[PDB]
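Trainee:
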Amino acid sequence: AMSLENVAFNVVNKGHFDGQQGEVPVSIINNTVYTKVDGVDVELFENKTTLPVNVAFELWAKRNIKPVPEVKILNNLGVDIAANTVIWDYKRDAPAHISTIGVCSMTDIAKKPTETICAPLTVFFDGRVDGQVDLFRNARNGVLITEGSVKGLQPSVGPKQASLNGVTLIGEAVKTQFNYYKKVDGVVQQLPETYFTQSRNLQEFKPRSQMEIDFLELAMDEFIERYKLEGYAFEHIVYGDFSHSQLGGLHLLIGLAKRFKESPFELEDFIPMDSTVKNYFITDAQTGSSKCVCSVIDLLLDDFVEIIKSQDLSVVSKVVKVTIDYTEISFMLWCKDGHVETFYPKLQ
Amino acid sequence: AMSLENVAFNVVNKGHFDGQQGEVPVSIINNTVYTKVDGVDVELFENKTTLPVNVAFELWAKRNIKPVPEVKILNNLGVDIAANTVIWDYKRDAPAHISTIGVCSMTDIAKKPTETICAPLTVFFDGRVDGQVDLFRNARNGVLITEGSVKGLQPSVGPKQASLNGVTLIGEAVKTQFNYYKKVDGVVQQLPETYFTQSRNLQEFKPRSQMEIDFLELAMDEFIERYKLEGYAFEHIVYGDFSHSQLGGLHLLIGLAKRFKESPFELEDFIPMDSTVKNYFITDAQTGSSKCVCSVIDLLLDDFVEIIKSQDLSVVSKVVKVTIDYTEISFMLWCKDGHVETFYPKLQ
Amino acid sequence: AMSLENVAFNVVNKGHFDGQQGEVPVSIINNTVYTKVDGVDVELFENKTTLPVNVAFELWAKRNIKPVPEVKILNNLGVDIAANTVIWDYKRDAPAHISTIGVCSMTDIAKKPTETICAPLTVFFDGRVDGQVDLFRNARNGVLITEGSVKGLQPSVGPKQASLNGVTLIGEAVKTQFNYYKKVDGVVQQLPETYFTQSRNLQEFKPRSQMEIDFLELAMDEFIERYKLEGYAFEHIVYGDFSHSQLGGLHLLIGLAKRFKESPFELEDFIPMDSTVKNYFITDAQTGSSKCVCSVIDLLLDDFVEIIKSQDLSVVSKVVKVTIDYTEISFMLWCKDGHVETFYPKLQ
Amino acid sequence: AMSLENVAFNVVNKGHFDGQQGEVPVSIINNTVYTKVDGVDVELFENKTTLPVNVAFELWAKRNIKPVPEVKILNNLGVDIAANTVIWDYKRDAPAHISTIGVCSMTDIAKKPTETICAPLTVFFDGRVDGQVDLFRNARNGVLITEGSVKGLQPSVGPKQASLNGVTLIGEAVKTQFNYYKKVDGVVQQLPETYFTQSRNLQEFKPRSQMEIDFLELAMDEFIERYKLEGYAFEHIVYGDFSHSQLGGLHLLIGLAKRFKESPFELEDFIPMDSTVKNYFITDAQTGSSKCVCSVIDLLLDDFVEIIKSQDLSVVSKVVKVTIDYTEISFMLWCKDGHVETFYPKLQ
Amino acid sequence: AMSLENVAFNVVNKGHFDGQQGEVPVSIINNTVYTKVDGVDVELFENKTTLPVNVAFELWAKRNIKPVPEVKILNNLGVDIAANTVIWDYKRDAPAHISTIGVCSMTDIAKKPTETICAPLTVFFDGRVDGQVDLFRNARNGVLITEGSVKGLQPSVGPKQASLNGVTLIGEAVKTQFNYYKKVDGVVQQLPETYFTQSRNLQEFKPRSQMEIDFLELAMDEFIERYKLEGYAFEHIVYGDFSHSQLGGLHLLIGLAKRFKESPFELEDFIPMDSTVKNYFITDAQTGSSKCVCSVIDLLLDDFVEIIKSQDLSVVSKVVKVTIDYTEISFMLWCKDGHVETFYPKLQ
Ligand SMILES: COCC(=O)Nc1ccccc1
Ligand SMILES: COCC(=O)Nc1ccccc1
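Keeping their order, the protein sequence lines are chains A, B, B', A' and A''. A prime marks a further copy of an entry chain. Numbered according to the authors' numbering, the first sequence spans residues -1 to 346. Numbered according to the authors' numbering, the second sequence spans residues -1 to 346. Numbered according to the authors' numbering, the third sequence spans residues -1 to 346. Numbered according to the authors' numbering, the fourth sequence spans residues -1 to 346. Numbered according to the authors' numbering, the fifth sequence spans residues -1 to 346.
So this is what it looks like as structure tokens:
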């Protein structure tokens, strides 16, 4: 017995839709959902989606409040829809997927993932919910996350971090590292050997290794000496060249974080969404060095060192494909006389 | 257990809110309420009010679908709120009154008219509903309509016509003439001797008397002779003078209707609302004669003849107050040498 | 001392902005201007313009309520702005010109037409207003309309009809035929010999000549015989061919009107604006004959007969330029063996 | 002589409505109020209210710019309307009260608080304004704030802090501690003995006592030892248990502030308004411990210690009512074997 | 071949409009521009302008991404339009100028600055673009910026800082100091000797001189002693008097920055735009001292000391005009007994 006023009552009394009975008075003005609290209207939700306000409100209220995979992982694994939940995209303030299965009467394409309409879609299944591993086994397409082993099914250990209510974190009081499974046309697919992005913020960047601790602490010349990175263009790629009108390199988040402590810079996120490789219009505030499209990836510095040191340096131009977050990321490797000139997450 | 989807279900299945159980999927985009009917969205309501869309939708759904007094009568009698109903103002596409009593959780000031907040307001009571005549008895301020005699109370016979779903009509299969009662600070009032406006349309004008039948049939010179209206400026007041750049007179609807059969004209209703006297920006298309503010009243021609023939014609300028629709309408009477020059419902 | 509430007061009490002092309470929700009349909000104006609501409200209130040239004439004569008035475009529900001169603080480019900013613009001047004929004299570029003779200047007799509050009419109680004058870079121009469109409606079409009276009364074969129009393709051009999937001809409004009395049809006005030649997506309901772009002009049938009979019929395809409403309208004349096949106002 | 352009002129030239004469050009597009400053439009106000844009703009301009009681105190004391001022709710970006008395023509229910419509409403009176203490004496219902003593009337010393233009502060150059008075049905009401919340921010939290200074400085085990709080569940209630998937306790703002310095956490304020007890959807960023509804109160730690130490610890479950900010706040006290298990501001 | 989808493609792939060929799917809902990225809609632009969404989107995409003069300098120099570029006003999130020259089909008044419509407008020319110095020479009105000398034309050395993508900076990898030229009615105008504002933020304030370094480091009494500023009211003007209900002085940004480190304060920017003198509604959080209109200028403290020390101190009240950012800023100088009482950027 779903209603706007019942969804609103749940938001007001439980913090989210908890299936409790009751109604509060609601008013909808434009794209904002308000409720009457002691004579005056209080804003409950601002529609930042392309869906009708009341519809978005319901999906936001019915959002999954358990640690879930980050939208980039779900996209990289080809997920189209979720089974009886709403994965909320906090980077976009909108549902991660267009339609729902057993969530909202307006967005539902089916009540159960077993309906023939879900067969061609990659449905996301959560093994922590009862009967969802069995629904994955019966699905034609899908992705499954589990906390433990599923007999017979070969696991793929996912990232240490997961998104809990928009807060990406490595769980201590909750499990955030999941086993991942994928199915394409009824056939379980072997998920590749992958690297994971660290999902760190530029503002609250924290090193997750001795190499990362030495990068932020030591000077450029002593770090490149200690970790024997001579001839790998770390000065351009990781550190960034701010001497010309076009900002050179700066494609690793740890390098952006090191610079950020010395001087600020504008990072214009012109495509705001969760992505393995993020593109930014960077403008350095100190020098005035800028780049319209600066591809930035957040790999662990040890993983990025391993990737670049595992390359053949004898070709002038070469595309280097690296599996990161289950997706193949093409990099552009430019060499000269057996040394790296540039290495960057390939644009276009 | 009121909800947006339950109100919508009632509209879809019963034509209005009939208190039936059930929900249909709803989407609200801007000021329009839509429902999903077989995969596609169908518009159910367009908010033309100053209230939130969903709130106005509920009040529109909960509108009184029985013949009710016209909003002008209700306003003229000082009605502030209705008892457990919504009088819908079809001339304004909005509720006739700001707040409700036992209708909508958002607009309700009380659930029952007996709550102390309704004591100072003039609450409209419908005697056709059970216990409302007794609620009028207990109420300090209010207006009561009844179909029949009310023991003790002295009636005021209201107009022959009432508004049934926006259609103003003189009932044949329903009762539309009501007995009116009014109470101010606990005292039953003696409602004044009043004339009633006929609430006719310019397009579908129909004569309600032999004088009105003779006005539309005979020529100006013959009618003024037959009804001995010489010296009463009927040529200017009722018939209208279209010989100069400012349209002369034309203040009675029957005169506008006689004109309309021959020549069409633009009537710009710049204050769209139900009023005893209506103001129009008229532009005659045949001649180009025009008036920015042309006050138009729809009295029965016999009643207008009686009003004008009961005036002293010895003063150049005089305000003539006439009780019409329980309100005092001031008219401006201009004379010269014992004859009328003009007589019109006083503007501003 | 211009204000939103003062403009609103003028609309409520005078029908338009009449420079009277006073304020009424106003509320603006979206694109609608409302006022509080006895506790409830009444809609005063709906913004159908690309200007801010309150700005368009003021310009609409300050609209010229005297018979003015039709927007098509003003456009055809290169008018950019009006002198201390607002020509309201009722076909577009928006001001005919972007900026104003001494009307609204938001849209004003100058307070007086003598300011250097108005020198390059073609300013419209109304000779009926005091000093405007002298303002035309001092103005470098402009169009002047007068009711009578202007000493020195040679007149151009304009159309019989003018627009009074959106009602296009040939005045009887007002002057609608104006003398036209034009100045380009300080030089008074000799306005060309022109035909005028009649500005008639399809619904209320009235014949303005014996030929037009005979067109609507007689049958196709009798009319073409009486007026010796054999070989001029009047059957296709004026009468219209409804025998194939593409509606043949039908470019003269009198022919559309003759049809309209017998069979109705859809005229989709896909470019809603005042134009000498109007384009329509016509769908005949009786036959199903249709044309995506059907150019329709409303010339007097005697004038259209004169135009077509004054053409050389020896070329297969030829562009025929005809001055109508002071603008050059290109027509497409198609002949075969010394007779007209088609003649139509050239599209795109 | 109130107008949109006059309100706008005052905002532009005085920072707020200061009753100065003059008009600036205004444009209203959607919910934003703009003014023309040197050819371009500058945004003056963004309507975040449920009122019409121009109406909200006027109330925002006419906001009380003197230190006023915080909206929570005004709500807790039953205030419905203010006398000839607008208390602006900065937590909601909207007027604290629906209607006004002598402020805006659109929202006014009366010009003076002595009108019979204000009799049943609790009107807020400011003793610092001339004649307002006399208006409180004559009012039927109301709340009065004064800077000094009012002869005969028994005072209630309010909080040290007040809101000056949205900045909650304890005045140094202004008086912020007021004497409070209340009237219900003509009878002055004795305001209860109350505790006051400190109105501190989580970001800029500053200790206001030696106990608070010792809480933020000392470790959990030495603070609980120094202040003899053994057996009072301060570890769970104040400090917070972040070891399980549901965040334990954490109901005092000082405890949230202590945690905040070690690691961040998301506090989702799902009901954004000024309240004595605030509810939050807290997600700990370090551990991943979370609570959908975490009631948080900001009492001085000495006051919270006094409240919990004044309780009978012999019952398993008990409701403990504590007067805070003139309102009765129910707490839930859970004990076992003569010791506290939990104590929290009771939800539902 | 300009289009909405082509502009969107450029934003998505290049970070801004780079004239590249291609289209992405776009959806416009209200004032937001979205694109479909892998099945879901991602927001690309939020219209904060008074222009149509798609129009503003194009101008934002076509914004000048090279260091440009700050909007205040451009306004102070009378700039009306830019030549074949869009100066984006980041303080207003809107184009700095209403119309364009060769940028957008909707906003263009001309394709080239040589069209007669641009003659009366002060067109901004960028000497770094080919042929723009020649277009300035041929223009009637305009402002020209150049990186080097233009033969014959006498330069005006502009500010050290320029705005690169909204980041105001003193270039290191780019040139930000430009030579300035102005033309009024075909005649080059001598730009006056001027001071420049420093364009610093209150949050990230950095001293640009030994005097500024000593102001922020030394106490009020030792700074005024070291720089011999006794009798110049620096305690009131620069330092600010927070002892009374009206905040005294505080008109220099360095003084606001010194205070900001000790305690916070609300600066309500009620006219959000780039201005030489900025007006703020300041509320001191510590004391509760406030000022509705507090004019704040950001001069180098050495320049402000030079201005105040170059004044005659023998008059009670005097207007002191100082050329800053090419505009004349009137200050109000109040003296008594040969000493300054106050000196502030004159309001009204
Ligand atoms: C004290 O007010 C009088 C009244 O309401 N009398 C009445 C009302 C309803 C029916 C009969 C009598
Ligand atoms: C230099 O322009 C000629 C002109 O305007 N002549 C005129 C204008 C108005 C009335 C009589 C003569």
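All C-beta atoms in this analysis are idealised placements derived from N, C-alpha and C, irrespective of residue type, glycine included.
Are the CB atoms of residue 254 of chain A and residue 289 of chain A within a distance shorter than 9 Å?
Mentor: For residue 289 of chain A and residue 254 of chain A, no; Cβs fall outside 9 Å.
Trainee: Inspect the beta-carbon positions of residue 345 of chain B and residue 11 of chain B' and report whether they are closer than 9 Å.
Mentor: yes
Trainee: Apart from the five residues on each side of it in sequence, which residues of its chain come closer than 6 Å, Cβ to Cβ, to residue 176 of chain A?
Mentor: 143, 156
Trainee: Within the stretch 41 to 88 of chain B, note down every full beta strand (DSSP E) run reaching 3 residues or more, in order along the chain.
Mentor: none
Trainee: Say the cut is 8 Å; is the CB of residue 141 of chain B' nearer than that to a heavy atom of ligand 2?
Mentor: No.
Trainee: What do you get for residue 52 of chain A'', buried or exposed, if any count of 16 or more other CB atoms within 10 angstroms of its CB means buried?
Mentor: For residue 52 of chain A'', the number of other beta carbons within 10 angstroms of its own is at least 16, and it is reported as buried.
Trainee: Taking 8 Å as the cut-off, is the CB of residue 150 of chain B' close to at least one heavy atom of ligand 2?
Mentor: yes
Trainee: Taking 9 Å as the threshold (beta carbon to beta carbon), is residue 255 of chain A' in contact with chain A''?
Mentor: no
Trainee: Confirm, please, whether the CB-CB distance from residue 111 of chain B' to residue 99 of chain B' is below 9 Å.
Mentor: Their beta carbons are under 9 Å apart, which means residue 99 of chain B' touches residue 111 of chain B' by this criterion.
Trainee: Suppose you measure from the CA of residue 295 of chain A' to the CA of residue 259 of chain A'; what does that come to, to the nearest Å?
Mentor: 19 Å
Trainee: Are residue 78 of chain A and residue 120 of chain A closer than 9 Å when you measure CB to CB?
Mentor: At a Cβ-Cβ threshold of 9 Å, residue 78 of chain A and residue 120 of chain A count as neighbours.
Trainee: Apply the 10 Å Cβ neighbour rule to residue 23 of chain B' and answer buried if 16 or more other Cβ atoms are within range, or exposed otherwise.
Mentor: buried
Trainee: At which residue ranges does the stretch 177 to 234 of chain A' contain complete beta strand (DSSP E) runs of 3 or more residues, listed in the order of the chain?
Mentor: 177 to 182, 185 to 187
Trainee: Quick one: is residue -1 of chain A' near chain B', going by C-beta distance under 9 Å?
Mentor: yes
Trainee: Can you give the Cα-Cα distance for residue 179 of chain B' and residue 54 of chain B, rounded to whole angstroms?
Mentor: 54 Å
Trainee: Using a cut-off of 7 Å between C-beta atoms, extract the partners of residue 31 of chain A located in chain A'.
Mentor: Ordered by position in chain A', no residue passes the 7 Å Cβ test against residue 31 of chain A, which lies about 11 Å from the chain.
Trainee: Alpha carbon to alpha carbon, how far is residue 212 of chain B' from residue 224 of chain B'? Give it in angstroms, no decimals.
Mentor: 9 Å
Trainee: Please identify, using Cβ separations under 8 Å, the residues of the stretch 94 to 123 of chain B that lie next to chain A', in order along the chain.
Mentor: Cβ contacts with chain A' come from 114, 115, 118.
Trainee: Per DSSP, what kind of secondary structure is residue 127 of chain A in: helix, strand or coil?
Mentor: coil
Trainee: I want to see whether chain B comes within less than 9 Å of residue 27 of chain A, judged by CB atoms only; does it?
Mentor: For residue 27 of chain A, the answer is yes, since a Cβ of chain B falls inside 9 Å of its Cβ.
Trainee: DSSP on residue 299 of chain B, reduced to helix/strand/coil?
Mentor: If DSSP states are grouped into helix, strand and coil, residue 299 of chain B belongs with the helices.
Trainee: Mind checking whether residue 61 of chain B and residue 84 of chain B have CB atoms under 9 Å apart?
Mentor: yes
Trainee: Examine chain B' for any beta-carbon lying closer than 9 Å to the beta-carbon of residue 266 of chain B, and answer yes or no.
Mentor: yes
Trainee: When burial is assigned at 16 or more other CB atoms within 10 Å of the CB, is residue 115 of chain A' buried or exposed?
Mentor: In this structure residue 115 of chain A' is exposed. Its beta-carbon is surrounded by fewer than 16 other beta-carbon atoms within 10 angstroms.
Trainee: I want to verify the contact list: residues of chain A' whose CB lies under 9 Å from the CB of residue 182 of chain A'', in sequence order.
Mentor: Simply none; closest approach about 17 Å.
Trainee: So residue 53 of chain B' contacts chain A'; which residues on that side make the cut at Cβ distance below 7 Å?
Mentor: 25
Trainee: For residue 169 of chain A'' and residue 162 of chain A'', I'd like the C-alpha separation in whole angstroms.
Mentor: 9 Å
Trainee: Out of curiosity, what's the CA-to-CA distance linking residue 89 of chain B' and residue 27 of chain B'?
Mentor: If I take the Cα positions, the gap works out to 24 Å.
Trainee: Is residue 144 of chain B' close to chain A'', meaning its C-beta is less than 9 Å from at least one C-beta of that chain?
Mentor: no
Trainee: Buried or exposed: residue 322 of chain A', going by 16 or more other Cβ atoms within 10 Å of its Cβ?
Mentor: buried
Trainee: May I ask which residues mark the beginning and end of the beta strand (DSSP E) holding residue 326 of chain B'?
Mentor: 325 to 334
Trainee: Is residue 167 of chain B helix, strand or coil when you go by DSSP?
Mentor: strand
Trainee: Taking the alpha-carbon of residue 285 of chain A' as reference, which of A'/261, A'/136, A'/68 has the nearest alpha-carbon?
Mentor: Measuring from the Cα of residue 285 of chain A', the nearest candidate turns out to be A'/261.
Trainee: Comparing the CB of residue 135 of chain B with every heavy atom of ligand 1, is any distance shorter than 8 Å?
Mentor: yes
Trainee: Starting from residue 347 of chain A' and walking both ways along the alpha helix (DSSP H), at which residues does that stretch end?
Mentor: A question about residue 347 of chain A' goes unanswered here, because the residues of chain A' that appear run from -1 up to 346.
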